[PDB]
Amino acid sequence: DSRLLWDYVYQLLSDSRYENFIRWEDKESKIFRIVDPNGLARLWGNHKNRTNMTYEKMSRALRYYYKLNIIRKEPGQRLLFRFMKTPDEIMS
């Protein structure tokens, strides 16, 4: 479960030490913003012990989350996203 991207994103959003890579913008509405796409892509590649992980490839995994309706693009600003399901709902 820890290897899953939605689990990793939730863990970073709850740890204030990562506020400069990813952060809540409307925590009540599950709206978050990716602050450092290149830096966030390195944390993800390290998290899965992978090599040559890029944000171009990570964002494709986020677009894969578009199709599963886990997250969606929020139109307010660039790199803004919204969780459409809670962690309990994704595991359901």
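Residues carry their position along the shown sequence, with the first being 1.
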In terms of the CA temperature factor given in the entry, to which third of its chain does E28 belong: lowest, middle or highest? highest
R78: C-alpha B-factor third of its chain, per the entry, is the highest
If you rank the chain by CA B-factor, which third does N20 end up in: lowest, middle or highest? lowest
For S59, the third of its chain by CA B-factor is the lowest
Could you say whether, by C-alpha temperature factor, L68 belongs to the lowest, middle or highest third of its chain? highest
